[PDB]
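To start, the structure itself, in structure tokens.
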Amino acid sequence: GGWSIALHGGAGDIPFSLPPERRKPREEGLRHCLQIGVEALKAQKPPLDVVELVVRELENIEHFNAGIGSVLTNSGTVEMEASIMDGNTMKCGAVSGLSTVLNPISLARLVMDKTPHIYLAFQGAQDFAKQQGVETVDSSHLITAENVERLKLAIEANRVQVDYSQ
Amino acid sequence: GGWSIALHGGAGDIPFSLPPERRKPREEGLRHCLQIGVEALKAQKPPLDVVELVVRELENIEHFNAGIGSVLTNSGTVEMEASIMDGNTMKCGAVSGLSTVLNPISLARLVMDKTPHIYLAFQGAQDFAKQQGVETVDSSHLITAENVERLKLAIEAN
Amino acid sequence: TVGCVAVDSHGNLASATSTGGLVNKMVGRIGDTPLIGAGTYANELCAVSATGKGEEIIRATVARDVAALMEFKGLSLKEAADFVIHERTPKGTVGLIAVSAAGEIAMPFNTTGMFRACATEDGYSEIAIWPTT
Amino acid sequence: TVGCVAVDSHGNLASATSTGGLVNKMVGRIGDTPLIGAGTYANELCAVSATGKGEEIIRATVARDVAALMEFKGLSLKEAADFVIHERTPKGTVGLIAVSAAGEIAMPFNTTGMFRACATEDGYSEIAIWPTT
Ligand SMILES: [Cl-]
Ligand SMILES: [Cl-]
Ligand SMILES: [Cl-]
Ligand code: NA
Ligand code: NA
């Protein structure tokens with residue numbers, strides 16, 4: 001009759017032997033966020049509003065590499081990026097180099113609608129966030145032990161790795 | 001079979017009301033770089049090498065919006081960006097948010113060639129530039145007084 | 001990388017993608033996620049959100065190729081999605097999700113696994129990690 | 001913006017684009033020029049470099065589209081480049097330059113002008129600003 005929705009939490013090298021501690025929260029994440037997307041479409045929110053809603057929730061799953069739970073740079077810091085696109089108008093919004101913005105996807109939207117630009121990055125994009133008043137957090141709040149441990153292993157191997165790496 | 005080259009120094013609203021003192025150095029700019037790229041192809045330099053070389057020179061012309069003569073931000077600052085791509089390999093390079101780097105396109109090539117990434121930006125692009133020992137000047141040297149007045153005018157015009 | 005794509009009853013399509021990027025990336029490194037036509041794209045015909053080895057997604061302009069194969073060569077969502085993923089990207093580097101104007105859903109990937117979900121108004125649901133095999 | 005596209009007699013293509021962006025742009029604003037697929041693209045089939053309103057070029061992924069039109073719909077370099085510039089993009093927002101694997105040159109634009117120049121081994125060369133007439 002009408003709506004469909006899909007979502008993801010990352011593509012990569014995920015072993016069949018992903019431990020319970022690593023697997024259940026991601027499986028739970030997928031469900032939680034899918035319930036929300038479905039309910040929003042059921043309540044007929046515009047699809048553009050729905051994808052921002054679902055990604056804010058995906059961003060909020062600590063076990064997915066976006067927002068809280070973002071993987072780390074070679075310097076052990078956080079740099080998040082996001083983009084969003086309305087297929088009906090071709091409008092879009094994007095951001096890069098966020099370190100304190102709690103929900104990057106929502107800044108991408110804000111740039112789309114409130115700026116004659118599509119893409120803002122690094123200091124300038126934190127300036128925009130400050131100006132717009134979105135939620136920002138101490139950088140540490142974005143960091144997970146799992147991610148620190150991955151950096152370490154990637155940093156001795158001298159590799160750039162996908163969150164999901166053997 | 002034969003080589004071909006195309007190049008530009010910007011698209012937009014270019015008036016019938018266009019004075020020679022701004023027309024001629026852009027026409028000379030375009031001619032100079034055509035000859036630089038053509039001489040490269042005649043000597044059968046790789047296309048990739050050739051487009052960096054020509055874009056490098058198009059940058060060094062203060063009358064085009066790139067490298068020295070780049071337009072200004074709302075803060076009156078220079079923030080430059082480039083990209084380069086080889087169609088036979090699909091290799092790519094890009095930079096953004098550069099301010100002190102004389103030939104951004106050459107830094108975009110270096111990311112391609114020396115880095116596992118395609119794109120670096122702002123402070124981190126500038127770090128990479130520094131490791132690489134490329135030519136940096138300080139940013140006064142990139143600001144033409146044509147672009148300062150350009151900016152002031154655009155601000156009150158909004 | 002996270003993402004979500006959705007379409008309503010009228011064909012209104014949209015896409016969103018967010019990421020921390022790659023582990024151990026150089027500071028300042030930009031991936032596919034913030035680029036339009038690379039990691040995120042949406043259209044008259046479809047919406048796409050990609051994930052994996054950023055650079056490999058930029059190189060193949062993944063999200064846009066899908067839309068482009070559909071409109072220009074007439075491929076269905078399924079065929080276009082499979083084609084970009086399984087024929088134009090090295091293996092183990094890329095997954096994507098997509099929906100079409102008319103409600104179709106495609107979730108191909110060439111990585112070992114991709115955390116993904118989807119649903120339709122008619123009643124379908126699926127959570128998944130590895131390929132159905 | 002500035003750019004150059006080149007090709008040798010064996011159809012090895014390349015593109016390079018560089019700019020200071022848009023006068024009075026917010027600090028941190030990225031345009032098309034550094035986005036593979038928008039401002040700059042190069043293939044087996046062709047090479048492209050665009051220029052003008054960055055935001056319109058990002059949105060229309062114009063460098064990729066010219067290539068995509070050629071491959072997927074079989075259009076020539078002239079037809080494809082013309083479609084993107086004079087159909088799928090707004091007047092006064094964008095110009096591009098391109099070369100084909102076979103040596104073909106196209107330079108459409110929908111702005112008042114575009115500072116441009118081109119040449120071939122076979123002897124042709126123009127430099128220009130406004131449309132030819
Ligand atoms: Cl990435
Ligand atoms: Cl599964
Ligand atoms: Cl621009
Ligand atoms: Na997260
Ligand atoms: Na210049």
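Think of each number as a place in line: the chain as shown, counted from 1.
Per the header: X-ray crystallography, 2.6 Å.
Any Cβ shown, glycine's included, is placed from N, Cα and C.
Quick look at what Swiss-Prot lists:
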ACT_SITE  D:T1  active site, nucleophile
BINDING   D:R29, D:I30, D:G31, D:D32, D:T51, D:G52, D:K53, D:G54  substrate binding site
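What Swiss-Prot annotates, mapped onto the structure for a quick look.
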residue : record                   : CB count, 10 Å
D:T1    : active site, nucleophile : 33
D:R29   : substrate binding site   : 28
D:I30   : substrate binding site   : 33
D:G31   : substrate binding site   : 28
D:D32   : substrate binding site   : 34
D:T51   : substrate binding site   : 32
D:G52   : substrate binding site   : 29
D:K53   : substrate binding site   : 21
D:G54   : substrate binding site   : 29
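Classification of D:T1 (active site, nucleophile) by DSSP places it in coil, neither helical nor stranded.
Filtering D:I30, D:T51, D:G52, D:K53, D:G54 by Cβ distance to ligand 3 (under 6 A) retains the following binding-site residues: D:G54. Filtering the binding-site residues D:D32, D:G52, D:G54 for a Cβ under 8 angstroms from any Cβ of chain B leaves D:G52, in order along the sequence. The substrate site in the record is lined by D:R29, D:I30, D:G31, D:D32, D:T51, D:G52, D:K53, D:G54, and its two most distant CA atoms lie 16 Å apart. Look at D:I30 (substrate binding site): DSSP puts it in a strand. Chain A lies within reach of D:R29, D:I30, taking the recorded positions D:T1, D:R29, D:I30, D:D32, D:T51, D:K53 and requiring a CB-CB distance under 8 A.
The separation of D:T1 (active site, nucleophile) from D:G52 (substrate binding site), Cα to Cα, is 8 Å. Classification of D:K53 (substrate binding site) by DSSP places it in coil, neither helical nor stranded. Across the structure, D:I30 (substrate binding site) and D:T1 (active site, nucleophile) place their CA atoms 13 angstrom apart.
A distance of 10 Å separates the Cα atom of D:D32 (substrate binding site) from that of the residue listed as 'active site, nucleophile'.
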